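Step one of this worksheet: look at the structure below.
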Amino acid sequence: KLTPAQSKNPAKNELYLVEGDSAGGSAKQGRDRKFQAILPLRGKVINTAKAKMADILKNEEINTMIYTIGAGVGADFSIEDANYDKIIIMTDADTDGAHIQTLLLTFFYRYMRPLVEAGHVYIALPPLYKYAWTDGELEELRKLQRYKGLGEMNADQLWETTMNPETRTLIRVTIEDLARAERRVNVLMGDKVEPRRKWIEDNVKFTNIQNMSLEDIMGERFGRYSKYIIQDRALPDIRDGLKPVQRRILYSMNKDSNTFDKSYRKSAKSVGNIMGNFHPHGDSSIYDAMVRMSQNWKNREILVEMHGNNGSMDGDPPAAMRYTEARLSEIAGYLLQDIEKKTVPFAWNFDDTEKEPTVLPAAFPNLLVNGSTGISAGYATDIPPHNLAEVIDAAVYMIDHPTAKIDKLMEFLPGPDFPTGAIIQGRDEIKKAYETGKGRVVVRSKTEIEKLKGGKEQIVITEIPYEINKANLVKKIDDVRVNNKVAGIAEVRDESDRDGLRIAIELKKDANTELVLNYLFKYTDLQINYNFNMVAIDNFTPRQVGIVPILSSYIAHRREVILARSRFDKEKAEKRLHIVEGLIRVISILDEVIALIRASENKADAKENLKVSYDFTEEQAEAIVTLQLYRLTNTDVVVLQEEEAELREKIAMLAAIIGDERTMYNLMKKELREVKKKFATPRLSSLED
Amino acid sequence: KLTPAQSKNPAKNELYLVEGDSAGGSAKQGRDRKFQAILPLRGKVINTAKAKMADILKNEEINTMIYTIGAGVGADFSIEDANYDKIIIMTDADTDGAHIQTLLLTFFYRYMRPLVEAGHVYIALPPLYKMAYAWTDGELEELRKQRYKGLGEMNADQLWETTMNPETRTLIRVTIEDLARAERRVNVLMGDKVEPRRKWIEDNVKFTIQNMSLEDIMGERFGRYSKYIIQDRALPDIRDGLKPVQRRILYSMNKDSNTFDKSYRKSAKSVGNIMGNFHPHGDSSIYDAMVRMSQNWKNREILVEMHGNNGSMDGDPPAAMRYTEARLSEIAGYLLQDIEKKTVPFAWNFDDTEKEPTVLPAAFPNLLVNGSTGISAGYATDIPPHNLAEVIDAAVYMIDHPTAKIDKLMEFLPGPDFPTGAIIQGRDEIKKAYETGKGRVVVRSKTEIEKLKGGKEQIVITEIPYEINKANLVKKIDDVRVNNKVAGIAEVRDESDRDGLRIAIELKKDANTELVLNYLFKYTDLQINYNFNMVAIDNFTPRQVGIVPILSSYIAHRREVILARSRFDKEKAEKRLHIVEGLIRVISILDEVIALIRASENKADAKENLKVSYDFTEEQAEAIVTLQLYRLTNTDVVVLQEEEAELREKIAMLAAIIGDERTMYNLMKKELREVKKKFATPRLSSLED
DNA sequence: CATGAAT
DNA sequence: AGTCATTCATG
DNA sequence: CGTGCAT
DNA sequence: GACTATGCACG
Ligand SMILES: COc1c(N2C[C@@H]3CCCN[C@@H]3C2)c(F)cc2c(=O)c(C(=O)O)cn(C3CC3)c12
Ligand SMILES: COc1c(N2C[C@@H]3CCCN[C@@H]3C2)c(F)cc2c(=O)c(C(=O)O)cn(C3CC3)c12
Ligand SMILES: [Mg+2]
Ligand SMILES: [Mg+2]
Ligand SMILES: [Mg+2]
Ligand SMILES: [Mg+2]
């Protein structure tokens, strides 16, 4: 796995720890083989502060590093009998690169302290533009090619920028204070989450060879990584309930006109467009997210319609993106409704070539309807799906009554509504969840006892808990029968066809079916505990939220959308109305206008003449001057006046929405009810206490 | 890997052999678990009538097919011990599916004869269309009163209802009518003898429940696969020298404006667009093809420029399409020159939503310049790269002298010009190759001797034979030292860097350096034999062609392109002249026309009046009537008469090309010389005899 | 045993 | 993101 | 131990 | 085209 140097020399030999096999290859190509060695770090280096000391020793990356370095580890470590003068960590210039640097540094600190204390650990700093490393260097170089990673850099460019000892700009790792360094590393990388959460809260603001400390290097790297994972990866926006990857998937597919009323496009075509325009990451990661939105046992209201093998409840792999074809679902269209009307904040992509929405208009409150999950850094998320009609009903009520209480809201939104059905138990815990954000509810399979011939009964499962694998469940129940942990099971039988779920647990003659069913509920996943952990992104910061701040954030959002949409349509109507006013007046003086253009020197002089001599505005003067010749035939002013009437009425009703809070909220309620009527579906999960 | 039936029954159990894992997964969901078992066949099945029996027994696909059939194989085959009553083969509707059916049928023939003789071996026929479903184009025509490209685009419920439901499926019963003729049919198609197969293809293939015989099924299936892979996969077109996948890559990237003058584009975005619009195959195959066109040690003139790790001469894996950026090279633009002018026959793609070029205009003879290779069915190709300037000079001569002899052409085209360089020996065999298509020439590494200290010498290799892996060569050379197959080798060192190839073979003190160098040339790969096998596609058929059928077919192609282009520009200039002629008349009667349009009631009326009153044509009247108002200012009649003159001359020069074979041929030469001057590059390979 | 578009 | 196996012609 | 976006 | 290991919070 390691590319070694030509000659052995522990006085000049350098070890390059490269992030990735591709970048490892590029390094291997652009290196100096006389003394430079390459070691690909395939994946993320294990946490040698969290993981056990056994599984740490059973790690491939760690072992081949301890072998390539050739000095041992822990207390059996002799820096004198090493193999390298310098060990350089070369990663991508992005956030995940900063995470690898963090993980690798904690390794070389916890188990190879003398190597770091002797200043033998370095950090290669690849350029960010093309050469510039900062924004100030770009400014000075302006008097560009943004490197998305090491993969986009050539071998000769790699050497000239970051590998040549005379040209490279390294960051030397030094231990200034062993006490403050021990504290920092142990907090950021410890098993305890709470000190890490607090550190992120207090520090991270969400708004040729230099030497850096350990505390500074661990702070700038884990600080850069934490902020990006919370804001721009794992956690959903509190409004549209989407992670950046899902929003980019829905938007790109919509921009490519890949909607529900059109033909399916090949998945790879969509995935490729997402990656080249908005989401600068792996094709597999994007596709796996695209597939999940097509699975109706993961989402209560699917956003993608996919043809072919997209998986099952048995958890078998979906067809590769070379096979499947996809398109947005009809209800996914409402998430993107009026996006063409400046109703949402847009920001530049990584490419700085095209703008992308930071949030979707969300004509329906997706965050509650579909849910989210949900593993960040310092924070985590688990929001269950809900009924489309019920959430809307609660939303409509809160629109009328902003200061509504949870007890009243639960008359409309009684609890979660899993797409997999099953039984939810714990009315008290549901309330606790809708208030504080956290809460532990019990999810139970829908069962039915069928009596067989011979005095023997049979348990028949028809629905299973959310996020539970059907195939793994059957195996676990069968293991109970095989091991005879409990007595009475004759045969476990998955009888689920393409049109129904059915797990049949046939029991022996004279066997307490109550004793068995109770055992399977406790020791298998027939019954599970579902933990609420409703955390989302409100105002760029992570926020644990109940049912109230969620609904309030959605209402506040839809208000902005409706207001912005109204300004947009009013802007269009005004501009035409202004043009129609001019055209009507033109007909009254058609002869003198044509005579004026006839006397004009050019297009610009013609418009300037229309302004001065006949008080037409710039916008009007443009429309008049660019009229096709045949429009001189028409002198019917009546039809244009009918358009004036229609436009003036539209501007009026639009302005009232912008000017009257009540009128606006009435509109919002009207649309939320239409969405309800169109996409209403009965409950699947029963509620008990 | 096998999904067994829930109930073992050698009377009703079916065994579906599915092409691919994903399709096997879809079948695993759409099956009836009571009696339908699934066995996914991953990749093409081994040719059991072509490979050594030792390799056959080691083939895991065969072993897992026998051990699940439960009846052994060969002479030790009890037909009553089988666990399945029916064995259905379910492949895609495409030609590769027909190949698998062929390979499988020969196995069940050779090693399981009683199984096929009992009529238990079936062939499942998937639907081809979906509007209900239809298997034939006639059935689609009747159903008219979704084109499936495989099984990966079908849902589980769809696959069941159409091909898996035993009461609603179309099956093919494989019956062996005669054991005599079926043997010759099997051996000719699958046997180790290539010549009889090539003859059978040239004799049968026209290049332009329900029972079925074995000889008929084998001929129909393999016939389709033979034809398809011959003219639509492995072999290049004789005109633009491109395989279908290479042509689709170039056209797609050019259509997406991913060219040399513009920014680089993420590779996955290009691959996805190709796969979804033109080339209905795997992403890796398309990307690998795209990567090769970027490697400057395989192509004499790269057609794709690529940023990042695109591999090396050591054979190390290039970066995945997630990492790399790419765009068309400048010279690749000349392959697509004038494609927007209907100079090339187009054809519908697989979606019938977009038309693709069947051949590129090719402003330079790409077949000889870049070469091709080169493994089809019944045929194979191997054309070496040539110098761009030399091939053009050869073609230019043949334009003036159609009946040019080979000995004369070689004064301009002396031989191949490998991008890897090295030495070519064998003037005689080159001529034999340029005449017949086949030839065996010798390629020798470029070496030099460097005197060292202590009286030692050092062999230095700077250039190596075409298509030779540098990493393996060094290993094989060093293996000579290790095994001491020749005396005097001290150390083998690859000293190549990012700007120079260098393999230093350091010798010992008193060692015969001439002896060492001679042994390596003969027993390693410092010297190899390049075998010409110039086979291309001429008139939809594979043709073993010499240097003359190639150059002539290119000139013939360039003729059609230039003729079709000249007609395009002429019709364009004609219609434009027609308008200019009318606009000049209008100026002299501007007021009368404006008054005439004002007097008119509408657009249609205005044109009829422009016709009747001033004899303007319909095309002329339309142009006048649709002029924007400001055009009444730009009333310069002279600059219109300049365009009029400029157009009449352009038509005159274009008509001369269409109406004179010589003037057209001079245009070929003029343009070919321009291409030559722009992309001229010195030889890299030296020639000897 | 490689080569290169396919599975 | 690398690894793993087969087709096909051919020396 | 599985979860779902990342390496 | 499936297989294999890491992060991160959490019962
Ligand atoms: C499972 O088939 C493949 C294999 N194998 C064949 C053997 C089967 C049993 C034991 N494992 C190996 C793995 C392989 F080595 C490579 C590829 C491959 O590169 C590829 C592609 O699209 O680029 C596609 N496929 C699938 C489309 C056939 C490959
Ligand atoms: C080599 O890393 C990966 C592994 N491995 C990690 C271990 C390292 C030593 C060898 N064995 C395993 C293989 C893996 F199991 C899965 C994926 C993976 O799914 C994936 C993706 O984009 O979808 C990307 N990568 C690469 C981007 C890191 C994966
Ligand atoms: Mg990266
Ligand atoms: Mg993955
Ligand atoms: Mg196929
Ligand atoms: Mg492959």
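Here's how to read the names in the structure tokens: chain A, B, ... by the order shown, residue numbers from 1 in each chain, ligand numbers from 1 in the order shown.
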Open item on the list: Taking only segment 386-535 of chain A into account, list the residues labelled helix (DSSP H, G or I) by DSSP (computed from the backbone), as a ChimeraX atom specification.
Closed with: /A:388-400,406-409,427-436,470-483,513-523
Go ahead and save the picked residues with C-alpha atoms, as a short mmCIF file (atom, residue, chain, number, x, y, z; two decimals), in the first residue's frame.
data_model
loop_
_atom_site.label_atom_id
_atom_site.label_comp_id
_atom_site.auth_asym_id
_atom_site.auth_seq_id
_atom_site.Cartn_x
_atom_site.Cartn_y
_atom_site.Cartn_z
CA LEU A 388 -49.72 16.08 5.82
CA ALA A 389 -53.28 17.06 6.76
CA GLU A 390 -52.65 17.09 10.51
CA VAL A 391 -49.58 19.33 10.42
CA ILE A 392 -51.34 21.74 8.08
CA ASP A 393 -54.39 21.83 10.37
CA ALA A 394 -52.10 22.70 13.28
CA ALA A 395 -50.38 25.30 11.12
CA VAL A 396 -53.66 26.94 10.10
CA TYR A 397 -54.72 27.12 13.75
CA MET A 398 -51.45 28.73 14.83
CA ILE A 399 -51.82 31.27 12.01
CA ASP A 400 -55.06 32.39 13.64
CA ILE A 406 -49.12 22.51 22.86
CA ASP A 407 -52.20 20.87 24.39
CA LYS A 408 -54.43 22.66 21.88
CA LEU A 409 -52.11 22.03 18.94
CA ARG A 427 -49.10 10.36 24.82
CA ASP A 428 -47.21 11.91 27.73
CA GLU A 429 -43.83 11.50 26.04
CA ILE A 430 -45.16 12.89 22.76
CA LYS A 431 -46.22 16.04 24.60
CA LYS A 432 -42.81 16.27 26.28
CA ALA A 433 -41.22 16.02 22.84
CA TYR A 434 -43.43 18.66 21.23
CA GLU A 435 -42.49 20.99 24.09
CA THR A 436 -38.79 20.55 24.82
CA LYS A 470 -37.62 -6.36 7.67
CA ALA A 471 -34.99 -8.91 6.67
CA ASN A 472 -32.91 -8.37 9.82
CA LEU A 473 -36.05 -8.63 11.96
CA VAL A 474 -36.98 -12.07 10.58
CA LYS A 475 -33.43 -13.31 11.14
CA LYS A 476 -33.50 -12.06 14.73
CA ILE A 477 -36.85 -13.72 15.42
CA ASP A 478 -35.57 -16.93 13.83
CA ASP A 479 -32.50 -16.82 16.09
CA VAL A 480 -34.90 -16.87 19.03
CA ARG A 481 -36.44 -20.06 17.64
CA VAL A 482 -33.09 -21.68 16.84
CA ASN A 483 -31.53 -20.87 20.22
CA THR A 513 -48.39 -17.13 22.89
CA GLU A 514 -48.45 -14.23 25.33
CA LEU A 515 -45.08 -15.21 26.80
CA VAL A 516 -43.57 -15.40 23.31
CA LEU A 517 -45.02 -12.19 21.86
CA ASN A 518 -43.88 -10.30 24.95
CA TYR A 519 -40.35 -11.69 24.62
CA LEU A 520 -40.06 -10.71 20.96
CA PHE A 521 -41.26 -7.20 21.79
CA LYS A 522 -38.48 -6.76 24.34
CA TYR A 523 -35.52 -8.65 22.89
#
Task: Exercise answer, 8 Å around ligand 3 with only C-alpha atoms (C1' of nucleotides) and all ligand atoms, as an NGL selection string - done: (:A and (92-97 or 148-150 or 281)) or (:E and (7))
Can you write just those residues out, N, CA and C atoms (P, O5', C5', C4', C3', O3' and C1' of nucleotides), as an mmCIF file, in the first residue's frame?
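Result file is again_13.cif:
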data_model
loop_
_atom_site.group_PDB
_atom_site.id
_atom_site.type_symbol
_atom_site.label_atom_id
_atom_site.label_comp_id
_atom_site.auth_asym_id
_atom_site.auth_seq_id
_atom_site.Cartn_x
_atom_site.Cartn_y
_atom_site.Cartn_z
ATOM 1 N N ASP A 92 -6.783 17.648 1.360
ATOM 2 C CA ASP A 92 -7.523 18.630 0.578
ATOM 3 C C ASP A 92 -7.654 19.916 1.380
ATOM 4 N N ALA A 93 -7.844 21.028 0.681
ATOM 5 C CA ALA A 93 -7.957 22.325 1.333
ATOM 6 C C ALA A 93 -9.342 22.539 1.937
ATOM 7 N N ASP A 94 -10.202 21.529 1.836
ATOM 8 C CA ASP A 94 -11.562 21.650 2.351
ATOM 9 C C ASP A 94 -11.743 21.133 3.780
ATOM 10 N N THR A 95 -12.973 21.235 4.275
ATOM 11 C CA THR A 95 -13.289 20.953 5.675
ATOM 12 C C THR A 95 -13.009 19.515 6.101
ATOM 13 N N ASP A 96 -13.328 18.561 5.233
ATOM 14 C CA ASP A 96 -13.040 17.160 5.520
ATOM 15 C C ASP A 96 -11.536 16.927 5.610
ATOM 16 N N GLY A 97 -10.770 17.737 4.886
ATOM 17 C CA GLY A 97 -9.324 17.692 4.978
ATOM 18 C C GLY A 97 -8.872 18.138 6.354
ATOM 19 N N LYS A 148 -10.969 22.706 -6.099
ATOM 20 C CA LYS A 148 -11.966 22.091 -5.234
ATOM 21 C C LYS A 148 -11.330 21.021 -4.351
ATOM 22 N N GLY A 149 -10.129 20.593 -4.725
ATOM 23 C CA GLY A 149 -9.410 19.580 -3.975
ATOM 24 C C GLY A 149 -8.089 19.217 -4.625
ATOM 25 N N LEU A 150 -7.464 18.153 -4.132
ATOM 26 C CA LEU A 150 -6.191 17.691 -4.673
ATOM 27 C C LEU A 150 -6.373 16.970 -6.004
ATOM 28 N N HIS A 281 -19.262 17.024 -4.282
ATOM 29 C CA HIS A 281 -18.896 15.822 -3.538
ATOM 30 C C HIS A 281 -19.036 14.551 -4.378
ATOM 31 P P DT E 7 -16.617 13.922 0.230
ATOM 32 O "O5'" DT E 7 -15.472 13.091 0.979
ATOM 33 C "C5'" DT E 7 -14.525 13.754 1.815
ATOM 34 C "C4'" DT E 7 -13.607 12.750 2.487
ATOM 35 C "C3'" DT E 7 -12.929 11.769 1.543
ATOM 36 O "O3'" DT E 7 -11.711 12.316 1.050
ATOM 37 C "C1'" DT E 7 -13.854 10.611 3.418
#
TODO: Restrict the distance test to only C-alpha atoms (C1' of nucleotides), flag each residue of chain B within 9 Å of chain D, and return the flagged residues as a ChimeraX atom specification.
DONE: /B:42-47,59,99,194,317,319-320,374-381,529,531
TODO: Mind checking which residues fall within 10 Å of residue 334 of chain A, counting only C-alpha atoms (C1' of nucleotides), ignoring those fewer than 6 positions away in the same chain, and posting them as a list in words?
DONE: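 What passes the distance filter is residues 303, 360, 361, 362, 363, 364 and 675 of chain A.
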Task: Contacts with ligand 1 at most 10 Å, only C-alpha atoms (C1' of nucleotides) and all ligand atoms counted, listed as a VMD selection string - done: (chain A and resid 320 322) or (chain B and resid 1 19 to 22 40 to 45 59 to 61 281 to 288) or (chain C and resid 6 to 7) or (chain D and resid 3 to 6) or (chain F and resid 1 to 3)
TODO: Could you give me, as a PyMOL selection string, the residues within 10 Å of residue 11 of chain F, counting only C-alpha atoms (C1' of nucleotides) and dropping anything in the same chain fewer than 4 positions from it?
DONE: chain A and resi 440+528-531
At a cut-off of 6 Å around ligand 2, and using only C-alpha atoms (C1' of nucleotides) and all ligand atoms, what residues come up? Please write them as a PDB file with C-alpha atoms (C1' of nucleotides), in the first residue's frame.
ATOM      1  CA  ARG A  42      -8.059   5.707   2.228  1.00  0.00           C
ATOM      2  CA  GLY A  43     -10.952   7.112   4.252  1.00  0.00           C
ATOM      3  CA  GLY A 282     -19.152  12.123  -4.388  1.00  0.00           C
ATOM      4  CA  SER A 284     -22.448   7.844  -4.598  1.00  0.00           C
ATOM      5  CA  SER A 285     -23.327  10.154  -1.703  1.00  0.00           C
TER       6      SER A 285
ATOM      7  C1'  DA D   1     -12.751   4.210  -4.409  1.00  0.00           C
TER       8       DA D   1
ATOM      9  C1'  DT E   7     -13.854  10.611   3.418  1.00  0.00           C
TER      10       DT E   7
ATOM     11  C1'  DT F   4     -15.105  -3.469   2.637  1.00  0.00           C
ATOM     12  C1'  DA F   5     -13.815   0.801   7.110  1.00  0.00           C
TER      13       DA F   5
END
Task: Env. residues ligand 5 / 9 Å / only C-alpha atoms (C1' of nucleotides) and all ligand atoms / as a ChimeraX atom specification - done: /B:19-20,91-97,149-152,280-282 /C:7
Once you have the residues from the selection above, write them out as a PDB file, in the first residue's frame, restricted to N, CA and C atoms (P, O5', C5', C4', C3', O3' and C1' of nucleotides).
ATOM      1  N   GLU B  19     -29.384 -11.780 -15.529  1.00  0.00           N
ATOM      2  CA  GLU B  19     -28.217 -11.009 -15.936  1.00  0.00           C
ATOM      3  C   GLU B  19     -27.998  -9.808 -15.020  1.00  0.00           C
ATOM      4  N   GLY B  20     -26.961  -9.880 -14.192  1.00  0.00           N
ATOM      5  CA  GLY B  20     -26.599  -8.774 -13.324  1.00  0.00           C
ATOM      6  C   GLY B  20     -27.205  -8.854 -11.936  1.00  0.00           C
ATOM      7  N   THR B  91     -32.270 -12.494 -19.409  1.00  0.00           N
ATOM      8  CA  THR B  91     -31.280 -11.461 -19.674  1.00  0.00           C
ATOM      9  C   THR B  91     -31.961 -10.208 -20.206  1.00  0.00           C
ATOM     10  N   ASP B  92     -31.180  -9.151 -20.408  1.00  0.00           N
ATOM     11  CA  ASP B  92     -31.702  -7.924 -20.995  1.00  0.00           C
ATOM     12  C   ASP B  92     -32.103  -8.175 -22.441  1.00  0.00           C
ATOM     13  N   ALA B  93     -32.877  -7.255 -23.007  1.00  0.00           N
ATOM     14  CA  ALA B  93     -33.323  -7.382 -24.389  1.00  0.00           C
ATOM     15  C   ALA B  93     -32.233  -6.973 -25.374  1.00  0.00           C
ATOM     16  N   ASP B  94     -31.096  -6.521 -24.854  1.00  0.00           N
ATOM     17  CA  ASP B  94     -30.006  -6.075 -25.717  1.00  0.00           C
ATOM     18  C   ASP B  94     -29.055  -7.192 -26.144  1.00  0.00           C
ATOM     19  N   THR B  95     -28.149  -6.858 -27.060  1.00  0.00           N
ATOM     20  CA  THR B  95     -27.269  -7.833 -27.701  1.00  0.00           C
ATOM     21  C   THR B  95     -26.346  -8.567 -26.732  1.00  0.00           C
ATOM     22  N   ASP B  96     -25.893  -7.869 -25.695  1.00  0.00           N
ATOM     23  CA  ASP B  96     -25.051  -8.489 -24.678  1.00  0.00           C
ATOM     24  C   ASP B  96     -25.836  -9.553 -23.917  1.00  0.00           C
ATOM     25  N   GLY B  97     -27.151  -9.374 -23.855  1.00  0.00           N
ATOM     26  CA  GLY B  97     -28.027 -10.372 -23.274  1.00  0.00           C
ATOM     27  C   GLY B  97     -28.086 -11.594 -24.166  1.00  0.00           C
ATOM     28  N   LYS B 149     -34.462  -0.369 -22.058  1.00  0.00           N
ATOM     29  CA  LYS B 149     -33.132  -0.683 -22.565  1.00  0.00           C
ATOM     30  C   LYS B 149     -32.489  -1.806 -21.759  1.00  0.00           C
ATOM     31  N   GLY B 150     -33.240  -2.344 -20.803  1.00  0.00           N
ATOM     32  CA  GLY B 150     -32.752  -3.419 -19.959  1.00  0.00           C
ATOM     33  C   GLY B 150     -33.735  -3.781 -18.863  1.00  0.00           C
ATOM     34  N   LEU B 151     -33.264  -4.535 -17.875  1.00  0.00           N
ATOM     35  CA  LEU B 151     -34.108  -4.949 -16.759  1.00  0.00           C
ATOM     36  C   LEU B 151     -33.961  -4.003 -15.571  1.00  0.00           C
ATOM     37  N   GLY B 152     -32.896  -3.207 -15.582  1.00  0.00           N
ATOM     38  CA  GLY B 152     -32.611  -2.295 -14.489  1.00  0.00           C
ATOM     39  C   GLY B 152     -33.555  -1.109 -14.411  1.00  0.00           C
ATOM     40  N   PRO B 280     -26.033   4.346 -24.223  1.00  0.00           N
ATOM     41  CA  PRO B 280     -26.801   3.649 -23.185  1.00  0.00           C
ATOM     42  C   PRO B 280     -26.030   2.502 -22.537  1.00  0.00           C
ATOM     43  N   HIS B 281     -24.940   2.820 -21.844  1.00  0.00           N
ATOM     44  CA  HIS B 281     -24.130   1.799 -21.187  1.00  0.00           C
ATOM     45  C   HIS B 281     -23.607   2.272 -19.831  1.00  0.00           C
ATOM     46  N   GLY B 282     -22.652   1.535 -19.272  1.00  0.00           N
ATOM     47  CA  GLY B 282     -22.121   1.847 -17.956  1.00  0.00           C
ATOM     48  C   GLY B 282     -21.304   3.124 -17.929  1.00  0.00           C
TER      49      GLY B 282
ATOM     50  P    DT C   7     -22.803  -2.883 -20.868  1.00  0.00           P
ATOM     51  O5'  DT C   7     -22.735  -4.337 -20.205  1.00  0.00           O
ATOM     52  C5'  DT C   7     -23.394  -5.443 -20.813  1.00  0.00           C
ATOM     53  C4'  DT C   7     -23.024  -6.732 -20.102  1.00  0.00           C
ATOM     54  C3'  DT C   7     -23.281  -6.732 -18.603  1.00  0.00           C
ATOM     55  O3'  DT C   7     -24.612  -7.148 -18.335  1.00  0.00           O
ATOM     56  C1'  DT C   7     -21.093  -7.564 -19.057  1.00  0.00           C
TER      57       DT C   7
END
TODO: Mind checking which residues fall within 9 Å of residue 672 of chain B, counting only C-alpha atoms (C1' of nucleotides), ignoring those fewer than 4 positions away in the same chain, and posting them as a VMD selection string?
DONE: chain B and resid 363 to 364 392 to 393 395 to 396 667 to 668 676 to 677
So which residues of segment 95-300 of chain B fall under strand (DSSP E) by DSSP, listed as a short mmCIF file (atom, residue, chain, number, x, y, z; two decimals) with N, CA and C atoms, in the first residue's frame?
data_model
loop_
_atom_site.label_atom_id
_atom_site.label_comp_id
_atom_site.auth_asym_id
_atom_site.auth_seq_id
_atom_site.Cartn_x
_atom_site.Cartn_y
_atom_site.Cartn_z
N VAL B 121 -35.05 -26.25 -20.20
CA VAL B 121 -34.31 -25.00 -20.32
C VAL B 121 -35.07 -23.98 -21.16
N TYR B 122 -35.50 -22.90 -20.52
CA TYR B 122 -36.31 -21.88 -21.19
C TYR B 122 -35.56 -20.57 -21.37
N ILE B 123 -36.15 -19.66 -22.14
CA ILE B 123 -35.61 -18.32 -22.31
C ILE B 123 -36.71 -17.29 -22.09
N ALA B 124 -36.63 -16.59 -20.96
CA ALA B 124 -37.62 -15.57 -20.63
C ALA B 124 -37.47 -14.35 -21.52
N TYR B 129 -41.33 -2.53 -24.89
CA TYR B 129 -41.96 -1.22 -24.79
C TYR B 129 -43.01 -1.18 -23.68
N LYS B 130 -43.46 0.02 -23.35
CA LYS B 130 -44.47 0.21 -22.31
C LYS B 130 -45.19 1.54 -22.51
N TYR B 133 -48.07 -3.26 -22.21
CA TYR B 133 -46.74 -3.64 -22.68
C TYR B 133 -46.78 -4.27 -24.06
N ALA B 134 -45.65 -4.24 -24.76
CA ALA B 134 -45.55 -4.82 -26.10
C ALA B 134 -44.15 -5.37 -26.35
N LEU B 171 -42.63 -17.38 -23.03
CA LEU B 171 -41.42 -18.18 -22.85
C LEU B 171 -40.97 -18.87 -24.13
N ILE B 172 -39.66 -19.10 -24.23
CA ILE B 172 -39.08 -19.81 -25.36
C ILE B 172 -38.56 -21.17 -24.91
N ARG B 173 -39.14 -22.24 -25.45
CA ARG B 173 -38.71 -23.59 -25.12
C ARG B 173 -37.55 -24.01 -26.01
N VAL B 174 -36.39 -24.22 -25.40
CA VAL B 174 -35.20 -24.63 -26.14
C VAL B 174 -35.20 -26.13 -26.39
N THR B 175 -35.47 -26.51 -27.64
CA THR B 175 -35.49 -27.92 -28.01
C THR B 175 -34.45 -28.23 -29.08
N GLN B 210 -43.63 -20.60 -26.62
CA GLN B 210 -43.36 -20.96 -28.01
C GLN B 210 -42.00 -21.64 -28.15
N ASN B 211 -42.00 -22.81 -28.76
CA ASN B 211 -40.78 -23.60 -28.91
C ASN B 211 -39.80 -22.99 -29.91
N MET B 212 -38.55 -23.43 -29.84
CA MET B 212 -37.51 -22.96 -30.75
C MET B 212 -36.33 -23.93 -30.78
N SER B 213 -35.77 -24.13 -31.97
CA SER B 213 -34.63 -25.03 -32.14
C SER B 213 -33.36 -24.45 -31.52
N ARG B 265 -14.59 21.15 -17.29
CA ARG B 265 -15.88 20.71 -16.80
C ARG B 265 -15.71 19.42 -15.99
N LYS B 266 -16.46 19.30 -14.90
CA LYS B 266 -16.40 18.10 -14.07
C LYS B 266 -16.73 16.87 -14.91
#
TODO: Can you work out which one of A:144, A:124, A:638, A:138 has the shortest atom-to-atom distance to chain B, counting only C-alpha atoms?
DONE: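 Looking only at the distances to chain B, the closest residue turns out to be A:144.
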